[PDB]
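Before any comments, here is the structure.
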Amino acid sequence: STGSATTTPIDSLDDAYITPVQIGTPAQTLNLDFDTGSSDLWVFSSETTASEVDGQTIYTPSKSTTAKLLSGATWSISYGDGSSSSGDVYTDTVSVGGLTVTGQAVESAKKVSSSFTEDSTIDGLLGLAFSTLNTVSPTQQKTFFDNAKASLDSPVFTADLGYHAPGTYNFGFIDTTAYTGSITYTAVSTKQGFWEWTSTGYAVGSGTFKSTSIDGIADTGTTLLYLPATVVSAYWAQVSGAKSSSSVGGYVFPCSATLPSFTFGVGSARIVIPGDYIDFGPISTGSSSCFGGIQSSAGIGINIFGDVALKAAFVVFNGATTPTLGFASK
C-alpha cells in the first residue's frame, strides 16, 4: 500500500505544517502536525479541558464506532519549545492520504499548554520519530509509520515541504518526479529515538564549503535550523546589522537585508537553502527588526535540521531494518 497527503503551512511564515488525517468511523478529519522529532499521535478531543480549546477541530471517540479505550493507558509529552500535552488513549482507524492503519493509538488530550490552545490551526501531532520515544504508559505504543510499515510497498516515508506553499508527505514510495538529480543517502543513529544523522559541512552564500561533521536530527516539527554557535555566527556575520539578541531570543537582522543562502552537506552532495527561507519576518508587528531562521543550538543540547533546512530538500525517511536518511535537491 501507499499514502499521499498534502501538507500546508499554517501561516505566512511556514511556522509549521498541517496535514489532514482521517480518524475513526465515520471519519473525523483533523489537521495534524507531522513531526519527525516525536513519536506520539495526539489530538484535541472531546476530553480536552474546554477552556483550553479555542477553534481546533476535536476528535470525539464516542462518535466513532471503531474507537476503543486503551484501558489504563495515559500519555504526557513536552516539546523543545516548552509546550506540552497529556491525556488518555484510544485505539482507532487512522488514514493518511489513502493509507489506513487499524488499531492505531490515538492519544486523546485532556490537557494542552497555552501554545497549543492559542494555535487554532493545529488539531494535534502525528509523530514520525522512532516508537521508542512514544510516551504512552504503561504500554508504549507504535507510531503510525511503524504500524503501517509492513503493509507499505517500501518501508519509507518522504517529506516534501513547501516554501510558502503546500507540499507532500508520501508513505511507501518515492516519487521520482518530486526531486532533481539524485537522492544522497546518509547514515542514521536511532540511539536517541530521532532521525539523527551527520551533515558533512556547510557554506554561507557563495563562500567556500567548510568540511566539518555536524550531528543533528531531521525534525519536521521544528521550524528553524539550529546549528552550532560557530556556524551560526559565520552565517550572520555576512548580514549587515545582524546581531544576537538575548531580549528577543536569537539572531535578528534588519528587515531591509537581502539574506545569503546557506548550504549544508549530505555526504558529497549539497543542499542549498535560499536566503529568503531564512527570513521569519518582524520580531513584532511593524518592527523593522526581523527574526533569523538559522539559530544557535547551544543550550538545546542537539542540532536540529528543522523545516528551514528540510523544505529546501526532498527528504527520504527510510525505515528499513537499518534506517537511513536521503536528501535530494528539488
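Ordered as shown in the C-alpha cells, chains take letters A, B, and onward, while each chain numbers its residues from 1 and ligands are numbered from 1 in the order shown.
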Q) Any idea what's packed within 6 Å of residue A:34, counting only C-alpha atoms, ignoring anything in its chain fewer than 4 positions away? Could you give it as a PyMOL selection string? A) chain A and resi 125-127
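Comparing the minimum interatomic distances between residue A:325 and each of A:158, A:256, A:268, A:91, counting only C-alpha atoms, we find that A:158 sits nearest.
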| said: as number ranges by chain, please: the residues near residue A:178 (cut-off 12 Å, only C-alpha atoms, same-chain neighbours under 6 positions excluded). | reply: A: 158-162, 167-170, 313-316, 327-330
So which bits of stretch 65-204 of chain A end up strand (DSSP E) when you DSSP the backbone, as a PDB file with N, CA and C atoms, in the first residue's frame?
```pdb
ATOM      1  N   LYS A  68     -11.770   2.414  20.624  1.00  0.00           N
ATOM      2  CA  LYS A  68     -11.785   1.598  21.826  1.00  0.00           C
ATOM      3  C   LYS A  68     -10.829   2.212  22.829  1.00  0.00           C
ATOM      4  N   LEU A  69     -11.300   2.438  24.048  1.00  0.00           N
ATOM      5  CA  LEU A  69     -10.415   2.934  25.093  1.00  0.00           C
ATOM      6  C   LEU A  69      -9.307   1.927  25.314  1.00  0.00           C
ATOM      7  N   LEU A  70      -8.072   2.401  25.326  1.00  0.00           N
ATOM      8  CA  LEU A  70      -6.956   1.551  25.697  1.00  0.00           C
ATOM      9  C   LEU A  70      -6.842   1.643  27.204  1.00  0.00           C
ATOM     10  N   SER A  71      -7.377   0.631  27.872  1.00  0.00           N
ATOM     11  CA  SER A  71      -7.586   0.703  29.301  1.00  0.00           C
ATOM     12  C   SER A  71      -6.302   0.919  30.077  1.00  0.00           C
ATOM     13  N   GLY A  72      -6.339   1.899  30.963  1.00  0.00           N
ATOM     14  CA  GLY A  72      -5.208   2.172  31.819  1.00  0.00           C
ATOM     15  C   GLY A  72      -4.117   3.042  31.223  1.00  0.00           C
ATOM     16  N   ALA A  73      -4.165   3.287  29.921  1.00  0.00           N
ATOM     17  CA  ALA A  73      -3.062   3.993  29.256  1.00  0.00           C
ATOM     18  C   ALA A  73      -3.197   5.501  29.368  1.00  0.00           C
ATOM     19  N   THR A  74      -2.080   6.146  29.668  1.00  0.00           N
ATOM     20  CA  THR A  74      -2.015   7.600  29.710  1.00  0.00           C
ATOM     21  C   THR A  74      -0.788   8.024  28.951  1.00  0.00           C
ATOM     22  N   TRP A  75      -0.713   9.315  28.676  1.00  0.00           N
ATOM     23  CA  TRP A  75       0.424   9.866  27.971  1.00  0.00           C
ATOM     24  C   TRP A  75       0.647  11.289  28.462  1.00  0.00           C
ATOM     25  N   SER A  76       1.875  11.746  28.277  1.00  0.00           N
ATOM     26  CA  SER A  76       2.267  13.074  28.687  1.00  0.00           C
ATOM     27  C   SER A  76       3.568  13.410  27.969  1.00  0.00           C
ATOM     28  N   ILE A  77       3.590  14.553  27.303  1.00  0.00           N
ATOM     29  CA  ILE A  77       4.719  14.884  26.461  1.00  0.00           C
ATOM     30  C   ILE A  77       5.038  16.364  26.579  1.00  0.00           C
ATOM     31  N   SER A  78       6.319  16.685  26.400  1.00  0.00           N
ATOM     32  CA  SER A  78       6.812  18.063  26.366  1.00  0.00           C
ATOM     33  C   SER A  78       7.717  18.214  25.155  1.00  0.00           C
ATOM     34  N   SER A  84       3.381  21.486  25.887  1.00  0.00           N
ATOM     35  CA  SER A  84       3.097  20.162  26.414  1.00  0.00           C
ATOM     36  C   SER A  84       1.631  19.798  26.297  1.00  0.00           C
ATOM     37  N   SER A  85       1.365  18.510  26.465  1.00  0.00           N
ATOM     38  CA  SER A  85       0.004  17.999  26.482  1.00  0.00           C
ATOM     39  C   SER A  85      -0.004  16.635  27.130  1.00  0.00           C
ATOM     40  N   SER A  86      -1.184  16.167  27.511  1.00  0.00           N
ATOM     41  CA  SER A  86      -1.305  14.894  28.209  1.00  0.00           C
ATOM     42  C   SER A  86      -2.748  14.432  28.149  1.00  0.00           C
ATOM     43  N   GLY A  87      -2.961  13.136  28.312  1.00  0.00           N
ATOM     44  CA  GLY A  87      -4.308  12.616  28.371  1.00  0.00           C
ATOM     45  C   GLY A  87      -4.349  11.108  28.453  1.00  0.00           C
ATOM     46  N   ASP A  88      -5.395  10.521  27.861  1.00  0.00           N
ATOM     47  CA  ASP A  88      -5.558   9.071  27.828  1.00  0.00           C
ATOM     48  C   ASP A  88      -5.532   8.625  26.368  1.00  0.00           C
ATOM     49  N   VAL A  89      -5.835   7.357  26.112  1.00  0.00           N
ATOM     50  CA  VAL A  89      -5.524   6.761  24.827  1.00  0.00           C
ATOM     51  C   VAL A  89      -6.657   5.884  24.340  1.00  0.00           C
ATOM     52  N   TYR A  90      -6.975   6.045  23.066  1.00  0.00           N
ATOM     53  CA  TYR A  90      -7.875   5.159  22.351  1.00  0.00           C
ATOM     54  C   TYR A  90      -7.102   4.440  21.255  1.00  0.00           C
ATOM     55  N   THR A  91      -7.626   3.325  20.776  1.00  0.00           N
ATOM     56  CA  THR A  91      -7.165   2.808  19.501  1.00  0.00           C
ATOM     57  C   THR A  91      -8.298   3.026  18.520  1.00  0.00           C
ATOM     58  N   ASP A  92      -7.957   3.312  17.271  1.00  0.00           N
ATOM     59  CA  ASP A  92      -8.962   3.598  16.262  1.00  0.00           C
ATOM     60  C   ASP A  92      -8.301   3.504  14.896  1.00  0.00           C
ATOM     61  N   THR A  93      -9.127   3.616  13.875  1.00  0.00           N
ATOM     62  CA  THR A  93      -8.660   3.608  12.497  1.00  0.00           C
ATOM     63  C   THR A  93      -8.201   4.984  12.099  1.00  0.00           C
ATOM     64  N   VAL A  94      -6.997   5.035  11.550  1.00  0.00           N
ATOM     65  CA  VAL A  94      -6.380   6.285  11.161  1.00  0.00           C
ATOM     66  C   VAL A  94      -5.898   6.149   9.728  1.00  0.00           C
ATOM     67  N   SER A  95      -6.305   7.075   8.866  1.00  0.00           N
ATOM     68  CA  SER A  95      -5.856   7.066   7.489  1.00  0.00           C
ATOM     69  C   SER A  95      -5.198   8.382   7.142  1.00  0.00           C
ATOM     70  N   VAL A  96      -4.094   8.284   6.415  1.00  0.00           N
ATOM     71  CA  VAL A  96      -3.353   9.433   5.889  1.00  0.00           C
ATOM     72  C   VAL A  96      -3.237   9.273   4.390  1.00  0.00           C
ATOM     73  N   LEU A  99      -3.835   5.862   2.988  1.00  0.00           N
ATOM     74  CA  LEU A  99      -3.180   4.771   3.702  1.00  0.00           C
ATOM     75  C   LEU A  99      -3.823   4.595   5.055  1.00  0.00           C
ATOM     76  N   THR A 100      -4.266   3.372   5.359  1.00  0.00           N
ATOM     77  CA  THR A 100      -5.072   3.121   6.545  1.00  0.00           C
ATOM     78  C   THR A 100      -4.377   2.173   7.508  1.00  0.00           C
ATOM     79  N   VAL A 101      -4.347   2.583   8.768  1.00  0.00           N
ATOM     80  CA  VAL A 101      -3.889   1.746   9.874  1.00  0.00           C
ATOM     81  C   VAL A 101      -5.061   1.507  10.792  1.00  0.00           C
ATOM     82  N   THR A 102      -5.357   0.248  11.068  1.00  0.00           N
ATOM     83  CA  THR A 102      -6.312  -0.074  12.121  1.00  0.00           C
ATOM     84  C   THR A 102      -5.580  -0.289  13.446  1.00  0.00           C
ATOM     85  N   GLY A 103      -6.256   0.044  14.537  1.00  0.00           N
ATOM     86  CA  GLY A 103      -5.710  -0.142  15.872  1.00  0.00           C
ATOM     87  C   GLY A 103      -4.582   0.799  16.242  1.00  0.00           C
ATOM     88  N   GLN A 104      -4.540   1.940  15.571  1.00  0.00           N
ATOM     89  CA  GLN A 104      -3.579   2.993  15.872  1.00  0.00           C
ATOM     90  C   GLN A 104      -3.902   3.621  17.203  1.00  0.00           C
ATOM     91  N   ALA A 105      -2.889   3.747  18.052  1.00  0.00           N
ATOM     92  CA  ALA A 105      -3.037   4.508  19.285  1.00  0.00           C
ATOM     93  C   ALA A 105      -3.275   5.958  18.939  1.00  0.00           C
ATOM     94  N   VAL A 106      -4.452   6.447  19.313  1.00  0.00           N
ATOM     95  CA  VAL A 106      -4.819   7.849  19.200  1.00  0.00           C
ATOM     96  C   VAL A 106      -4.864   8.415  20.609  1.00  0.00           C
ATOM     97  N   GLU A 107      -3.938   9.313  20.889  1.00  0.00           N
ATOM     98  CA  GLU A 107      -3.780   9.829  22.233  1.00  0.00           C
ATOM     99  C   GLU A 107      -4.640  11.069  22.370  1.00  0.00           C
ATOM    100  N   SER A 108      -5.598  10.968  23.276  1.00  0.00           N
ATOM    101  CA  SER A 108      -6.622  11.979  23.455  1.00  0.00           C
ATOM    102  C   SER A 108      -6.197  12.971  24.512  1.00  0.00           C
ATOM    103  N   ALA A 109      -6.082  14.236  24.130  1.00  0.00           N
ATOM    104  CA  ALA A 109      -5.633  15.253  25.076  1.00  0.00           C
ATOM    105  C   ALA A 109      -6.705  15.587  26.118  1.00  0.00           C
ATOM    106  N   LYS A 110      -6.338  15.482  27.393  1.00  0.00           N
ATOM    107  CA  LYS A 110      -7.161  16.043  28.458  1.00  0.00           C
ATOM    108  C   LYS A 110      -6.674  17.459  28.765  1.00  0.00           C
ATOM    109  N   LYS A 111      -5.371  17.677  28.597  1.00  0.00           N
ATOM    110  CA  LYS A 111      -4.756  18.959  28.877  1.00  0.00           C
ATOM    111  C   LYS A 111      -3.798  19.298  27.750  1.00  0.00           C
ATOM    112  N   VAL A 112      -3.773  20.575  27.385  1.00  0.00           N
ATOM    113  CA  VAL A 112      -2.774  21.089  26.456  1.00  0.00           C
ATOM    114  C   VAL A 112      -2.247  22.407  27.016  1.00  0.00           C
ATOM    115  N   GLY A 124      -3.520  18.704  16.524  1.00  0.00           N
ATOM    116  CA  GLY A 124      -2.748  17.660  17.170  1.00  0.00           C
ATOM    117  C   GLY A 124      -1.470  17.371  16.401  1.00  0.00           C
ATOM    118  N   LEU A 125      -0.723  16.386  16.886  1.00  0.00           N
ATOM    119  CA  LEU A 125       0.541  15.991  16.277  1.00  0.00           C
ATOM    120  C   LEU A 125       0.490  14.538  15.839  1.00  0.00           C
ATOM    121  N   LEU A 126       1.228  14.233  14.777  1.00  0.00           N
ATOM    122  CA  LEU A 126       1.413  12.860  14.351  1.00  0.00           C
ATOM    123  C   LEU A 126       2.912  12.589  14.290  1.00  0.00           C
ATOM    124  N   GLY A 127       3.390  11.848  15.279  1.00  0.00           N
ATOM    125  CA  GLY A 127       4.808  11.608  15.444  1.00  0.00           C
ATOM    126  C   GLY A 127       5.345  10.596  14.460  1.00  0.00           C
ATOM    127  N   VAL A 156       9.207   3.284   3.757  1.00  0.00           N
ATOM    128  CA  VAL A 156       9.716   4.642   3.721  1.00  0.00           C
ATOM    129  C   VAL A 156       8.577   5.622   3.807  1.00  0.00           C
ATOM    130  N   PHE A 157       8.885   6.821   4.282  1.00  0.00           N
ATOM    131  CA  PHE A 157       8.028   7.952   4.004  1.00  0.00           C
ATOM    132  C   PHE A 157       8.923   9.112   3.579  1.00  0.00           C
ATOM    133  N   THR A 158       8.345  10.060   2.853  1.00  0.00           N
ATOM    134  CA  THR A 158       9.106  11.183   2.348  1.00  0.00           C
ATOM    135  C   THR A 158       8.424  12.476   2.735  1.00  0.00           C
ATOM    136  N   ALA A 159       9.248  13.469   3.050  1.00  0.00           N
ATOM    137  CA  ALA A 159       8.809  14.814   3.358  1.00  0.00           C
ATOM    138  C   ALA A 159       9.224  15.757   2.255  1.00  0.00           C
ATOM    139  N   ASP A 160       8.242  16.436   1.696  1.00  0.00           N
ATOM    140  CA  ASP A 160       8.489  17.409   0.637  1.00  0.00           C
ATOM    141  C   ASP A 160       7.793  18.708   1.025  1.00  0.00           C
ATOM    142  N   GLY A 167       3.044  21.277   0.299  1.00  0.00           N
ATOM    143  CA  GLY A 167       3.957  20.213  -0.047  1.00  0.00           C
ATOM    144  C   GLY A 167       3.287  18.870   0.143  1.00  0.00           C
ATOM    145  N   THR A 168       4.105  17.836   0.309  1.00  0.00           N
ATOM    146  CA  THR A 168       3.602  16.484   0.314  1.00  0.00           C
ATOM    147  C   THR A 168       4.330  15.580   1.285  1.00  0.00           C
ATOM    148  N   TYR A 169       3.553  14.770   2.002  1.00  0.00           N
ATOM    149  CA  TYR A 169       4.072  13.609   2.711  1.00  0.00           C
ATOM    150  C   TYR A 169       3.607  12.370   1.973  1.00  0.00           C
ATOM    151  N   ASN A 170       4.558  11.536   1.560  1.00  0.00           N
ATOM    152  CA  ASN A 170       4.250  10.261   0.934  1.00  0.00           C
ATOM    153  C   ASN A 170       4.699   9.124   1.821  1.00  0.00           C
ATOM    154  N   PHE A 171       3.904   8.064   1.827  1.00  0.00           N
ATOM    155  CA  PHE A 171       4.203   6.858   2.565  1.00  0.00           C
ATOM    156  C   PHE A 171       4.282   5.687   1.619  1.00  0.00           C
ATOM    157  N   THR A 184      20.866  11.456  -2.158  1.00  0.00           N
ATOM    158  CA  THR A 184      22.034  11.023  -1.410  1.00  0.00           C
ATOM    159  C   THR A 184      21.612  10.522  -0.041  1.00  0.00           C
ATOM    160  N   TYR A 185      21.937   9.267   0.228  1.00  0.00           N
ATOM    161  CA  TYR A 185      21.584   8.646   1.490  1.00  0.00           C
ATOM    162  C   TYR A 185      22.739   8.727   2.469  1.00  0.00           C
ATOM    163  N   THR A 186      22.380   8.839   3.736  1.00  0.00           N
ATOM    164  CA  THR A 186      23.354   9.064   4.787  1.00  0.00           C
ATOM    165  C   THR A 186      22.903   8.283   6.023  1.00  0.00           C
ATOM    166  N   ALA A 187      23.858   7.887   6.850  1.00  0.00           N
ATOM    167  CA  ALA A 187      23.576   7.013   7.978  1.00  0.00           C
ATOM    168  C   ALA A 187      22.754   7.689   9.068  1.00  0.00           C
ATOM    169  N   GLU A 196      18.564  10.848  13.430  1.00  0.00           N
ATOM    170  CA  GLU A 196      19.797  11.554  13.740  1.00  0.00           C
ATOM    171  C   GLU A 196      20.858  11.206  12.718  1.00  0.00           C
ATOM    172  N   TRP A 197      21.508  12.225  12.165  1.00  0.00           N
ATOM    173  CA  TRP A 197      22.468  11.994  11.093  1.00  0.00           C
ATOM    174  C   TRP A 197      23.597  12.989  11.208  1.00  0.00           C
ATOM    175  N   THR A 198      24.593  12.884  10.334  1.00  0.00           N
ATOM    176  CA  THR A 198      25.741  13.778  10.396  1.00  0.00           C
ATOM    177  C   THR A 198      25.977  14.485   9.072  1.00  0.00           C
ATOM    178  N   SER A 199      25.706  15.782   9.062  1.00  0.00           N
ATOM    179  CA  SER A 199      25.989  16.600   7.905  1.00  0.00           C
ATOM    180  C   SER A 199      27.490  16.725   7.744  1.00  0.00           C
ATOM    181  N   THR A 200      27.929  16.835   6.505  1.00  0.00           N
ATOM    182  CA  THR A 200      29.348  16.867   6.211  1.00  0.00           C
ATOM    183  C   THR A 200      29.926  18.269   6.132  1.00  0.00           C
ATOM    184  N   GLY A 201      29.094  19.291   6.348  1.00  0.00           N
ATOM    185  CA  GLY A 201      29.602  20.649   6.473  1.00  0.00           C
ATOM    186  C   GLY A 201      28.658  21.708   5.962  1.00  0.00           C
ATOM    187  N   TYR A 202      29.183  22.907   5.699  1.00  0.00           N
ATOM    188  CA  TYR A 202      28.322  23.998   5.290  1.00  0.00           C
ATOM    189  C   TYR A 202      29.058  25.069   4.494  1.00  0.00           C
ATOM    190  N   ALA A 203      28.284  25.895   3.795  1.00  0.00           N
ATOM    191  CA  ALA A 203      28.804  27.114   3.197  1.00  0.00           C
ATOM    192  C   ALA A 203      27.806  28.213   3.447  1.00  0.00           C
ATOM    193  N   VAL A 204      28.312  29.439   3.421  1.00  0.00           N
ATOM    194  CA  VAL A 204      27.497  30.640   3.602  1.00  0.00           C
ATOM    195  C   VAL A 204      27.517  31.416   2.288  1.00  0.00           C
TER     196      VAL A 204
END
```
8 Å contact set for residue A:164, only C-alpha atoms, chain neighbours under 2 positions out, as a PDB file with N, CA and C atoms, in the first residue's frame:
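Written file, out35.pdb:
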```pdb
ATOM      1  N   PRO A   9       1.374  24.969   4.985  1.00  0.00           N
ATOM      2  CA  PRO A   9       1.837  25.865   6.050  1.00  0.00           C
ATOM      3  C   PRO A   9       0.672  26.437   6.847  1.00  0.00           C
ATOM      4  N   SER A  12       1.874  32.488   7.155  1.00  0.00           N
ATOM      5  CA  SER A  12       2.658  33.078   6.083  1.00  0.00           C
ATOM      6  C   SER A  12       4.157  32.915   6.283  1.00  0.00           C
ATOM      7  N   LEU A  13       4.550  32.441   7.460  1.00  0.00           N
ATOM      8  CA  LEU A  13       5.956  32.252   7.800  1.00  0.00           C
ATOM      9  C   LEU A  13       6.411  30.789   7.712  1.00  0.00           C
ATOM     10  N   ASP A  14       5.488  29.879   7.417  1.00  0.00           N
ATOM     11  CA  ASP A  14       5.784  28.448   7.470  1.00  0.00           C
ATOM     12  C   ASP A  14       6.211  28.051   8.885  1.00  0.00           C
ATOM     13  N   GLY A 162       6.936  22.628   1.355  1.00  0.00           N
ATOM     14  CA  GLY A 162       6.987  23.791   0.505  1.00  0.00           C
ATOM     15  C   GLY A 162       7.462  25.035   1.206  1.00  0.00           C
ATOM     16  N   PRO A 166       2.089  24.714  -0.344  1.00  0.00           N
ATOM     17  CA  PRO A 166       1.858  23.335   0.069  1.00  0.00           C
ATOM     18  C   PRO A 166       2.953  22.397  -0.402  1.00  0.00           C
TER      19      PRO A 166
END
```
Problem - Residue contacts of residue A:133 (8 Å, only C-alpha atoms) excluding same-chain residues fewer than 5 positions away, as a PyMOL selection string - result: chain A and resi 38-40+193
Test item: residues at most 9 Å from residue A:277, only C-alpha atoms, excluding those fewer than 6 positions along its chain, as number ranges by chain:
A: 163-164, 259, 261, 293, 308-309, 311-312
Hey, can you spit out that residue selection with N, CA, C and O atoms as a PDB file, in the first residue's frame?
```
ATOM      1  N   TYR A 163       8.071  25.931   0.442  1.00  0.00           N
ATOM      2  CA  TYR A 163       8.390  27.269   0.928  1.00  0.00           C
ATOM      3  C   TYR A 163       7.215  28.167   0.600  1.00  0.00           C
ATOM      4  O   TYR A 163       6.940  28.417  -0.569  1.00  0.00           O
ATOM      5  N   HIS A 164       6.525  28.632   1.639  1.00  0.00           N
ATOM      6  CA  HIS A 164       5.343  29.455   1.478  1.00  0.00           C
ATOM      7  C   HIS A 164       4.362  28.809   0.511  1.00  0.00           C
ATOM      8  O   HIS A 164       3.705  29.489  -0.273  1.00  0.00           O
ATOM      9  N   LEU A 259      19.209  38.300   2.453  1.00  0.00           N
ATOM     10  CA  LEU A 259      19.946  37.256   3.159  1.00  0.00           C
ATOM     11  C   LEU A 259      20.720  36.355   2.196  1.00  0.00           C
ATOM     12  O   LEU A 259      20.240  36.046   1.106  1.00  0.00           O
ATOM     13  N   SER A 261      22.328  32.719   1.005  1.00  0.00           N
ATOM     14  CA  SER A 261      21.937  31.326   1.107  1.00  0.00           C
ATOM     15  C   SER A 261      22.794  30.622   2.146  1.00  0.00           C
ATOM     16  O   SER A 261      23.827  31.150   2.604  1.00  0.00           O
ATOM     17  N   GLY A 293      16.173  32.696  10.616  1.00  0.00           N
ATOM     18  CA  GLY A 293      15.739  31.316  10.514  1.00  0.00           C
ATOM     19  C   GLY A 293      16.834  30.298  10.807  1.00  0.00           C
ATOM     20  O   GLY A 293      16.599  29.094  10.813  1.00  0.00           O
ATOM     21  N   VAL A 308      13.271  24.870   8.007  1.00  0.00           N
ATOM     22  CA  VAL A 308      14.078  25.781   7.205  1.00  0.00           C
ATOM     23  C   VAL A 308      15.022  24.976   6.333  1.00  0.00           C
ATOM     24  O   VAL A 308      15.206  25.286   5.170  1.00  0.00           O
ATOM     25  N   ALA A 309      15.630  23.939   6.898  1.00  0.00           N
ATOM     26  CA  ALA A 309      16.534  23.120   6.115  1.00  0.00           C
ATOM     27  C   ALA A 309      15.776  22.101   5.275  1.00  0.00           C
ATOM     28  O   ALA A 309      16.035  21.950   4.080  1.00  0.00           O
ATOM     29  N   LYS A 311      12.785  21.953   4.068  1.00  0.00           N
ATOM     30  CA  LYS A 311      11.938  22.412   2.965  1.00  0.00           C
ATOM     31  C   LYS A 311      12.768  22.738   1.709  1.00  0.00           C
ATOM     32  O   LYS A 311      12.212  22.884   0.621  1.00  0.00           O
ATOM     33  N   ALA A 312      14.094  22.822   1.848  1.00  0.00           N
ATOM     34  CA  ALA A 312      14.972  23.021   0.699  1.00  0.00           C
ATOM     35  C   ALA A 312      15.287  21.698   0.015  1.00  0.00           C
ATOM     36  O   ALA A 312      15.970  21.679  -1.013  1.00  0.00           O
TER      37      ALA A 312
END
```
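Excluding residue A:230 itself and same-chain residues fewer than 3 positions from it, the residues having an atom within 10 Å of it are residues 227, 233, 234, 235, 296 and 298 of chain A, counting only C-alpha atoms.
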Could you turn the residues from that selection into a file that holds C-alpha atoms, as a short mmCIF file (atom, residue, chain, number, x, y, z; two decimals), in the first residue's frame?
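New file selection12.cif:
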```
data_model
loop_
_atom_site.label_atom_id
_atom_site.label_comp_id
_atom_site.auth_asym_id
_atom_site.auth_seq_id
_atom_site.Cartn_x
_atom_site.Cartn_y
_atom_site.Cartn_z
CA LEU A 227 23.28 24.67 14.46
CA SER A 233 27.94 33.26 13.80
CA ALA A 234 29.69 32.65 10.48
CA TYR A 235 26.31 32.91 8.73
CA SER A 296 22.26 28.60 17.69
CA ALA A 298 23.85 25.99 22.12
#
```
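Closest approach to residue A:121 from the set A:11, A:66, A:35, A:223 is made by A:11, with distances taken over only C-alpha atoms.
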Secondary structure check, alpha helix (DSSP H) residues of stretch 11-119 of chain A, as a PyMOL selection string: chain A and resi 114-117
Atom pair atom CA of residue A:216 + atom CA of residue A:195, distance 8.3 Å
What separates atom CA of residue A:2 and atom CA of residue A:271 is a distance of 27.1 Å
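As for atom CA of residue A:62 and atom CA of residue A:28, they are spaced 11.6 Å apart.
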